[PDB]
Amino acid sequence: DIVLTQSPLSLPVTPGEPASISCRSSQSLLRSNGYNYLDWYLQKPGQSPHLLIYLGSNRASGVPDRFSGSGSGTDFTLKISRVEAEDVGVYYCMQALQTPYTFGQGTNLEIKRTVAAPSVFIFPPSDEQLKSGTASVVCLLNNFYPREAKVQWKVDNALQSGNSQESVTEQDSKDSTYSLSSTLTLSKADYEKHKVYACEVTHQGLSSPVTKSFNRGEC
Amino acid sequence: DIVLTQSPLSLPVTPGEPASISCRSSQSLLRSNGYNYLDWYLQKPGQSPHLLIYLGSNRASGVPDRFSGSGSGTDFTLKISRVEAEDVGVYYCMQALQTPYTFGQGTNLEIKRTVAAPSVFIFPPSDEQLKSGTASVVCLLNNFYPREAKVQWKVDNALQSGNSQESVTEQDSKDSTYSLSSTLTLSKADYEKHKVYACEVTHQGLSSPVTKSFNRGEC
Amino acid sequence: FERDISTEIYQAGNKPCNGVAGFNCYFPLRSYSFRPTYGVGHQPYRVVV
Amino acid sequence: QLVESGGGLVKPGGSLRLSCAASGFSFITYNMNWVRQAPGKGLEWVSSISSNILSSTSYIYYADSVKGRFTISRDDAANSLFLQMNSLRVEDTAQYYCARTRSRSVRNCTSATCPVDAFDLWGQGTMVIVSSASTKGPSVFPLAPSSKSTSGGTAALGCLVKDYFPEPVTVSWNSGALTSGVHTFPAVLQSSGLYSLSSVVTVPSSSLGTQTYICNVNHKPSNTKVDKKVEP
Amino acid sequence: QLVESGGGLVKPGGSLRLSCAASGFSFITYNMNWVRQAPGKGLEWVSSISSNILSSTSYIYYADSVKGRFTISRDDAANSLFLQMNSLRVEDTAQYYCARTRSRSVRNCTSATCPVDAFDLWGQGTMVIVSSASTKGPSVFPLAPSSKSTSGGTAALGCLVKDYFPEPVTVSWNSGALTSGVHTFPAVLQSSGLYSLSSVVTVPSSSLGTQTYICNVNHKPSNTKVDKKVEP
């Protein structure tokens, strides 16, 4: 077993700027043969991963010339000359030894587009769902970038945890705008006992966080 | 002599179902010592015909198992399990007597594959072509199927006959859709006396014919 | 009258290939391709000697 | 790999039948393997196989848990690779990629550890679930339009899909007539194991009283077709 | 049959020379024959000849017309067969195949009737015309694109090759760089004996004002090379 962590977060990559991701192996490679033994993979989410660089410094499987791995010993790295919209996906470096094959954490290399102000949306629960004993209110963000944002549900100046869920869409093919929907699921016995419900959105592209407040019982 | 007519000379068939073709012999061919004197032919249009089954019901020349023929007396038929895209080719019937071998008429073998909507194009005569005293307008059908159609030229709502010629390519290898172009040529004196010119396209997959109209005076 | 089951990497170029198929190294074996719609020149032929 | 079978609800004490199929390819002379993946970032190699043409098949590489509870077999007659298990302790979500190694020659390989070249034939289509809850008909609720944001003459409306175990089709609006502003979001697994979906659409408020907006929800496993009209 | 010799314009009162050329094959021990075809539907048999290896007598087999204005001759030393027409009463176009009878033996055959097995060595390469003695160079006219059919943003432009003789003219878009959407209709026979062709390519209108499409027309019998640019 070789400890191997790449970047357990999302790494912002601006278009037109080279991006490099590095990993280090606790055990020395090249023990079986003189050629370096590590494979580079790109896994775009949704359909299938794609192979870019196999062992050594070579090209295969129709990889573009922009991708170019380098390094030896306990110093490994990549190099992309120009990132694109199809380059979004998690990356892995994988050594060809240690049969108990442990894997690393993927790196998100999405294109860092220009900042856009989110279109915060609030949807009050309907009466048909209210009469069923379960009340669900959602907080929707539209046309925003970057994807990272702190979204929480506040009820009468009190933080709510464990009753909310997050849903995020993929990259748009028109303007690469994301849509974040935060669903708060709650029971009625905890719902009609309160009056004021609000959602908070904290975004780096906004000077101040936006919070929209509404009262139940109003159409 | 002998007459050899193909009663199913025109038939649309799609892959999946068997098709049959019949040829009739004017004279009896029962004089045989177990070897029926009749053979079938396949003529692929463009390079050379091919031989499927020789006299009797046997196999020769590496013909595939799909083609099979039978008959004894004044009855002959050809059995196909399932036609394909490589089976585009007319057939002929011939017997093995009457030294002046008069070949009969052939079939058409228009495959009844899924209908493709025609792309009607109009090509008004150019100014440089008009300087020569001959004006030619072309109505173009791009990627249309089935191959049979009816192209008519209307000038001032009057049908034109005896001055239009049609030309069609073979079956394609990517989408297998035929394409026909109709050339209508006329003198300058007959062209300047009228202004309304159009071509009418009649198609099996079209409920009503389509007419593309244009007028002289525009580029 | 000899069969040799040696399915190793063929060394064509000067670069050695020990377990890795490079640009100058190819597998000596390649697979067949059979379809029912093939012609005389692509149909299978079962040969016994 | 083009299409593979297998998947469904299995008890932890039960067994799964995994089989990956493909098209005309060099199945015999290539070494295949099974890899499972977490919903987060990171895969995990779960099984592997050898090839009989190169050498004997007694060089199978196993971990501890997959030696204890898993096994892999090959038909050696068609394009099918089989993975079999008997015990399931902690295995909730996985993909079971039917990948293959880019090594048509075997050299300096023992039964413990030897290098492989590359993988380029990853396959998808095998989903695994453990919960014994069956399918449930989705609940469709209309979300009231409102003139929010910076557009007074434009309103945002949508439909909410609730209480469904398997994912339905994308919520088409007005039988697919409207495409501008139609957004469908991926589902999220709730506390009860049933997903939830929200689909929204933006239309000008001037046509709110003259145009009818109906969201269509079609559910493949339950064969349910629900068309709900949204009204203010 | 591998290749053929002949093909040209001959007056009806002149002499016609047609022959077949062969290669490594058992050419001398079979009974070769000629097969002709009409542009209309329906073939016909025209001539037949056996070999002297079968027996001393030739067993000549003729129909009325050929018995009248045709003759045959076999070299019996090389791989060739000669067919000569002293007079041409009515013959417009004929493929004049070099088919081979698949019957290596002769039996129960007289000078009047004789069975024939089949034909499996058909070959093309001969085309005879009784047209005018002179050829004409092609005329290429650019066709203005129209963005009406198919995609709205795609306009189809082409080069109109008119008043050329004979059939073979070659058209290439951007010297072979532009191949997608390139379609070339075959030649058509006019009442005056001249031929016509239309060849168009569908290109988007966004790059129509920037990208230049130049067609190249070559006529090998007339030695004419035309490079025409198409603009709206």
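Residues numbered from 1 in each chain as written, not as in the entry; some residues may be left out. Chains lettered and ligands numbered in written order. Part of a larger assembly, values for the part shown. Heavy atoms only, no water. Residues with missing side-chain atoms left out of burial classes, pairs and counts.

Caption draft 1: Spatial organisation of the sheet that holds strand 1 (residues 38–43) of chain A. Residue and element names in this part refer to chain A. Across the sheet, three strands lie side by side as 2-1-5; this open sheet has antiparallel pairing. Whereas interior strands pair on both sides, the edge strands pair on one side only; in this sheet they are strand 2 (49–53) and strand 5 (90–95). Across this sheet, the average inter-strand angle for adjacent strands is 30°, counted without regard to direction. Two strands pair when backbone bridges link them, and strand 1 and strand 5 are joined in this way by six bridges, in the antiparallel orientation. Bridge pairing links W40 to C93 in strand 5. (Pairing = 2+ DSSP bridges. Helix = DSSP H or I, 4+ residues; strand = E, 2+ residues; numbered from the N terminus. Axes fitted to C-alpha atoms, helices over the stretch in contact; angles between N-to-C directions.)

Caption draft 2: Focus on the sheet that holds strand 8 (residues 97–100) of chain D. All names here are of chain D. Sheet architecture is open: three strands sit in the order 5-4-8, paired in antiparallel fashion. Each edge of the open sheet carries a strand with a single partner, namely strand 5 (43–48) and strand 8. Ignoring strand direction, the axes of neighbouring strands in this sheet form an average angle of 35°. Here four bridges tie strand 4 (residues 32–37) to strand 8, and the two strands are oriented antiparallel to one another.

Caption draft 3: View of the domain arrangement of chain D. Segmentation of chain D into domains returns domain 1 (2–130) and domain 2 (139–229). For domain 1 of chain D versus domain 2 of chain D, the separation of C-alpha centres amounts to 40 Å. (Domains from an automatic or database assignment.)

Caption draft 4: Examining the interface of chain D and chain A more closely. Facing 41 residues of chain D, the contacting portion of chain A comprises 48 residues. Between chain D and chain A, the buried area comes to about 3700 Å², and carbon and sulfur atoms account for 62% of it. For the interface between chain D and chain A, the tally reads zero salt bridges. For the pair chain D and chain A, the number of links is eleven residue pairs in polar contact. Those elements giving two or more residues to the side of chain D that touches chain A turn out to be strand 4, strand 5, strand 10 (139–146), strand 11 (154–164), strand 13 (183–184), strand 14 (188–189) and strand 15 (195–204) of chain D. Considering only residue class, the side of chain D that touches chain A consists of 25 nonpolar, ten polar and six charged. (Contact = heavy atoms within 4.5 Å. Buried area = accessible area lost by both parts, 1.4 Å probe. Salt bridge = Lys/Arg side-chain N within 4 Å of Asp/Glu carboxyl O. Polar contact = N/O pair within 3.5 Å; in protein donor to acceptor, adjacent residues only side chain to side chain. Nonpolar A, V, L, I, M, F, W, Y, C, P; charged D, E, K, R; others polar.)

Caption draft 5: Structural view of the arrangement of the chains. Note that chain A does not reach chain B: the shortest distance linking a C-alpha of one to a C-alpha of the other is 24 Å. Of all C-alpha pairs spanning chain C and chain E, none lies closer than 13 Å, and the two are not in contact.

Caption draft 6: Spotlight on the nonpolar core. Formed by 43 residues in total, the largest nonpolar core has its most connected members in B:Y41, E:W34 and E:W122. Put simply, the parts of the chain that give this core at least two residues each are strand 5 (90–95) of chain B together with strand 2 (16–21), strand 3 (33–37), strand 4 (43–48) and strand 6 (80–85) of chain E. The residues contacting B:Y41, other than those within four sequence positions of it, are B:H50, B:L51, B:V90, B:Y91, B:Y92, B:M94, B:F103, E:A118, E:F119 and E:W122. (Core = buried A, V, L, I, M, F, W, Y, C linked by side-chain atoms within 4.5 Å. Buried < 20%, exposed > 50% of the residue type's maximum accessible area, 1.4 Å probe, protein only.)

Caption draft 7: Fine view of the state of the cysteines. Tallied over the entire structure, the rule returns eleven disulfides over all chains. At a sulfur-sulfur separation of 2.0 Å, the disulfide partner of D:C159 is D:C215. The disulfide joining D:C159 to D:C215 has a torsion of about -85° about its S-S bond and is therefore left-handed. Within this pair, whereas D:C159 is found in strand 11, its partner D:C215 is found in strand 16 (residues 213–219), the two being separated by 56 residues in sequence. By relative accessible area, D:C159 is classed as buried at 1%. Disulfide partners in chain D, listed by the sequence order of the bonded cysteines, are 1-2, 3-4, 5-6. Here A:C219 stays unpaired: no disulfide links it, and the sulfur of D:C159, its closest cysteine neighbor, is 16 Å away. Here A:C219 falls in the exposed class, since its relative accessible area comes to 91%. (Disulfide = S-S within 2.5 Å.)

Caption draft 8: Representation of the pairing of strand 10 (residues 164–168) of chain A within the structure. All names here are of chain A. On strand 10, burial follows the alternation: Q165 and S167 on one face are buried, whereas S164, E166 and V168 on the facing-out side are not. In terms of strand pairing, strand 10 meets strand 11 (residues 178–187) through five bridges, oriented antiparallel. Within strand 11, the position partnered with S167 by the bridge is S181.

Caption draft 9: Representation of unusual backbone geometry within the structure. With omega at 5°, the peptide bond leading from A:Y145 into A:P146 counts as cis. Within the secondary structure layout, A:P146 lies in the loop between strand 7 (134–144) and strand 8 (150–155). Cis rather than trans, the peptide bond between E:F165 and E:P166 has omega equal to 0°. Within the fold, E:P166 resides in the loop between strand 8 (154–164) and strand 9 (170–173).

Caption draft 10: Representation of the environment of D:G40 in the model. As for its placement among the helices and strands, D:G40 is situated in the loop between strand 4 and strand 5. Spatially, the C-alpha atoms of D:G40 and D:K229 are 37 Å apart, while their sequence positions differ by 189 residues.

Caption draft 11: A look at the pattern of salt bridges. All names here are of chain A. Counting across every chain of the model gives 16 salt bridges over all chains. For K193, the salt bridge is made with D190, and the minimal N-O distance between the two is 2.9 Å. What makes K193 exposed here is its relative accessible area of 56%. For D190, a relative accessible area of 23% gives the class partly exposed. Salt bridges sharing partners connect three or more residues here, namely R66, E84 and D87.

Caption draft 12: Expanded view of the environment of D:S23. All names here are of chain D. Within the element layout of this structure, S23 appears in the loop between strand 3 (17–21) and strand 4. In this structure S23 comes out as partly exposed when scored by relative accessible area, which is 41%. For the pair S23 and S147, spaced 124 residues apart in the sequence, the C-alpha separation amounts to 54 Å. Setting aside residues up to four positions removed in sequence, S23 forms contacts with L2 and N79.

Caption draft 13: Seen up close, the interface of chain A and chain C. The partner chain C presents four residues to the four residues of chain A that form the contact. Counting each side, the surface lost to burial between chain A and chain C is near 350 Å², with a carbon and sulfur contribution of 54%. Of all residues in chain A, A:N33, A:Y35 and A:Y54 bury the most surface against chain C, accounting for 78% of the area lost on that side. At the boundary of chain A with chain C, the tally comes to zero salt bridges. At the junction of chain A and chain C, the tally comes to two residue pairs in polar contact. Classifying every residue of the side of chain A that touches chain C gives three nonpolar, one polar and no charged.

Caption draft 14: The arrangement of the side chain of E:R36 in detail. All names here are of chain E. Within the fold, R36 resides in strand 3. With a relative accessible area of 11%, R36 lands in the buried category. Here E44 takes part through its side chain, which lies 2.7 Å from a polar atom of the side chain of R36. At 2.9 Å, the side chain of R36 and the side chain of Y96 are in polar contact.

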